[PDB]
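> Quick one: experimental structure and sequence below.
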Amino acid sequence: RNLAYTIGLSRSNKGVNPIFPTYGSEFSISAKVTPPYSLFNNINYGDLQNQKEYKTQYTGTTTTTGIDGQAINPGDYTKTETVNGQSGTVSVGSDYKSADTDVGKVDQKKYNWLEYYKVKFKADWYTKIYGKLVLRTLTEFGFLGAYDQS
Amino acid sequence: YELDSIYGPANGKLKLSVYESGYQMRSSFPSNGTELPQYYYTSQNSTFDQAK
Amino acid sequence: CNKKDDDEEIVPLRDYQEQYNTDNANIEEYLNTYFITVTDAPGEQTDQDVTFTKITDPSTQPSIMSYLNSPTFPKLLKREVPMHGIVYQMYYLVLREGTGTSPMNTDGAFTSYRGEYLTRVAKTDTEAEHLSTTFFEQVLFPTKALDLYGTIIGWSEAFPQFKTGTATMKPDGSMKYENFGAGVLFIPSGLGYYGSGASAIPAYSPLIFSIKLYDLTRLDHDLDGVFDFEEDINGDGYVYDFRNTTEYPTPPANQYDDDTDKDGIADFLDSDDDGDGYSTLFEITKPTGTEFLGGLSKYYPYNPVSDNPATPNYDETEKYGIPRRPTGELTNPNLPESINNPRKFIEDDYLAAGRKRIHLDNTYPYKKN
Ligand SMILES: CCCCCCCCCCCCCCCCCCCC(=O)O[C@H](COC(=O)CCCCCCCCCCCCCC)COP(=O)(O)OCCN
Ligand SMILES: CCCCCCCCCCCCCCCCCCCC(=O)O[C@H](COC(=O)CCCCCCCCCCCCCC)COP(=O)(O)OCCN
Ligand SMILES: [Ca+2]
Ligand SMILES: [Ca+2]
Ligand SMILES: [Ca+2]
Ligand SMILES: [Ca+2]
Ligand SMILES: [Ca+2]
Ligand SMILES: [Ca+2]
Ligand SMILES: [Ca+2]
């Protein structure tokens, strides 16, 4: 979900034909900002990968066998191991610290509410050099960032 | 044409003899509960030469 | 034209009960009006060949049916085969019983057979109605063992009642077989090819097979390290899986006989075999550093094995079998037996008779922390 506010200031004095301008310039500055959710909500986005809720686990209710040939009881944490050529998940027991971090859950929590800021700057200038020949200079900038690097 | 994979002098001659084999050959044989493969070695010339 | 219609009129699928009654009547009539002659070549390939001929002198011609549950060979027996809802009855004659082991209903059989199909011929104007047997397939010199699991139901049911014989290789490469089981099995159409008729055998045609069991090959269908003959819970000698609704519309009361976990999958086709989660292969795998290796293999055999003289480049001596629950001393006298402090194997755990092998016990591998 994304909730943003955008404000832009532009100054254009080009003329006379929009298709082939012969004089003037156009300067535009924009800034799209989202609420800083990271500041108010007390959540550590850096330690998410080191928590039980963000570790791979077996949600089934029937005992199964992993790639290692061992039992995988319901509710036990899992880890990925490559036995021979094929690779698969191997039960780690209740030691969630040794399990694999669920990147999908971490990314979901990190990107559940989009938090960013976008700044765009553009400058266009038109001038007549000789006769009907006109020179156009264009400079564009774009910056996308986040309030919290974590 | 020119023959390929010929080892030795080009003027060599050999006495070729084509006989009807009298030794039955098999690809596999049952064993004590298992189906083992049949192997024929390079030193079994006497067995095939006597049973012609 | 351009259209592709799907009009399959093989929907008839004659009733299993009606077809069985017709086949049984035809087979019974054949057994009453015909007699068999058996050759007696001791070591030749025609040791126990059978020839069927019509009975025209019933005074001194004993019909096949005459060999009822007789106390001396040849003996014609009946085996009840419950399948397709109805109860099939298959007649099989045992001319001679082998002097070896008997293959399971899902094992490989090395044998030579000559098959023929029975078909009642309509009574013509000049010729009266009778029964005719037409030849379709024959293998006089077996080369590869046939898996009884994929064969017709008749073979998988009658073969476990015969025994193998000794085989000796002659100096000219030929093999001589002796003291092997031989007999003729009359399998109805339902237990053979029911409605297929693709091959030379017409659809709904009872089959008559003359078999000679030379040898057998133990097979493992689940690749769990335990062969099908060792995964038979009862001593019946047959292993069945009731997960096919076509063959078994309703699971019979005899289910769970060859299924320890009662999961619906028989042990001969199940990997876990006990429901503990740990696969049978892992449980029977020899652990690292164990003091009871007893062989060069990485998997514990079901029972102790000996080397194979036929294999001179490999020693198959395995003096230890699949162990039972550890009945030794704990790693530490204190604390209760668990994954932390496991019990050590004494020695008798790999050789005791009647022990519950860890692959059939859901409490040995221990719970993970
Ligand atoms: C970059 C984003 C941030 C932009 C922030 C915008 C700020 C808004 C400013 C509002 C205007 C000021 C309020 C009073 C207006 C009345 C005029 C008197 C102000 C003044 O002294 O300046 C006049 C012109 O400059 C002015 O009026 C002030 C100039 C304001 C800055 C100009 C640049 C804006 C940003 C755009 C540049 C980037 C390109 C993207 C479009 C010159 O008056 P005078 O000739 O009498 O001299 C004065 C001596 N008595
Ligand atoms: C920084 C981004 C993230 C934070 C969000 C910032 C939000 C800024 C505030 C919201 C914008 C609304 C308020 C300014 C506009 C009201 C002006 C009314 C219209 C008008 O006539 O303009 C006159 C001056 O305009 C002016 O006000 C001139 C200046 C207007 C532009 C200044 C706003 C920032 C521009 C830069 C945006 C890009 C940022 C890049 C980093 C005021 O006249 P009057 O109404 O009194 O009547 C008297 C004569 N008509
Ligand atoms: Ca098995
Ligand atoms: Ca059984
Ligand atoms: Ca099972
Ligand atoms: Ca099994
Ligand atoms: Ca198991
Ligand atoms: Ca050996
Ligand atoms: Ca077990």
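Yes, it's here. Numbers count the residues shown, from 1 in each chain, chains lettered A, B, ... in the order given. Ligands and ions are numbered 1, 2, ... in the order given.

> helix, strand or coil for residue A:30?
Three-state call for residue A:30 (DSSP: H, G, I helix; E, B strand; the rest coil): strand.

> nope, residue A:105 is what I meant
Assignment for residue A:105 (three-state DSSP): helix.

> what residues are up against the residue nearest in space to the middle of chain A?
Centroid-nearest residue in chain A: residue A:111, 6.9 Å away (criterion: C-alpha atoms, centre = their mean). By C-beta atoms under 8 Å, 6 or more residues apart in numbering or on different chains, residue A:111 lies in contact with nothing. Using the backbone N, CA and C atoms, a C-beta is placed for each residue, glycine as well.

> Excluding residues flanking it in the chain, which one is nearest the closest residue to ligand 9 within chain B?
Per C-beta to the ion, the residue of chain B with the smallest distance to ligand 9 is residue B:33, at 25.3 Å. Among residues not flanking residue B:33 along the chain, residue C:218 sits closest, at 4.2 Å (C-beta to C-beta, 6 or more residues apart in numbering or on different chains).

> how many other residues sit next to the one you found?
19 (other C-beta atoms under 10 Å in any protein chain shown).

> my guess is it meets residue C:228, correct?
Yes: if you go by C-beta atoms under 8 Å, residue C:218 and residue C:228 touch, sitting 7.1 Å apart.

> Spell out which residues sit in contact with the spatially closest residue to residue C:146 that is not a sequence neighbour, please.
Residue nearest to residue C:146 in three dimensions, not counting chain neighbours: residue C:109, with 5.6 Å by C-beta to C-beta, 6+ apart. Residue C:109 makes contacts with C:103, C:145, C:146, C:148, C:155, C:159, C:213, C:215, C:216, C:217, as judged by C-beta under 8 Å, 6+ apart.

> Mind doing that once more with 10 Å?
B:30, C:103, C:142, C:145-148, C:151, C:155-156, C:159-160, C:162, C:164, C:211, C:213-217 (C-beta atoms under 10 Å, 6 or more residues apart in numbering or on different chains).

> Okay, and the beta partners of the residue of chain B closest to ligand 9?
Following DSSP bridges, residue B:33 is listed with bridge partners residue C:217.

> Go ahead and confirm it touches residue C:301.
No: the criterion here is C-beta atoms under 10 Å, and residue B:33 misses it with residue C:301 at 11.8 Å.

> which of those two has more neighbours?
residue C:301 (21 against 18).

> need the contact list for the closest residue in space to that one that isn't next to it in sequence.
Leaving aside its sequence neighbours, residue C:301 sits nearest to residue C:318 (C-beta to C-beta, 6+ apart; 4.7 Å). By C-beta under 10 Å, 6+ apart, the residues touching residue C:318 are C:286, C:293-297, C:299-307, C:350.

> Return the list of helices and strands in contact with the helix or strand that contains residue A:118.
If you go by DSSP states H and E, residue A:118 is part of strand A:117-130. Counting contacts by 3 or more C-beta pairs under 10 Å, 6 or more residues apart in numbering or on different chains; DSSP states H and E, strand A:117-130 is packed against strand A:5-12, strand A:21-23, strand A:25-33, strand A:133-145.

> For ligand 9, which of those strands is the nearest?
strand A:133-145 (56.4 Å).

> Name whatever forms a beta bridge with residue C:111.
residue C:213.

> Verify the stated contact: it with residue C:141.
No: with contact defined as C-beta under 10 Å, residue C:111 does not count as touching residue C:141 (11.0 Å).

> which residues do these two both contact?
residue C:214.

> Distance from the helix or strand containing the residue nearest to residue C:146 to the middle of the chain?
Here residue C:109, judged by DSSP H and E, is contained in strand C:108-121. In this view, strand C:108-121 has its centroid 17 Å away from the chain centroid, taken as C-alpha atoms, centre = their mean, to the nearest Å.

> buried stuff in it?
By 16 or more other C-beta atoms under 10 Å in any protein chain shown, the buried positions in strand C:108-121 come out as C:108, C:109, C:110, C:111, C:112, C:113, C:114, C:115, C:116, C:117, C:118, C:120.
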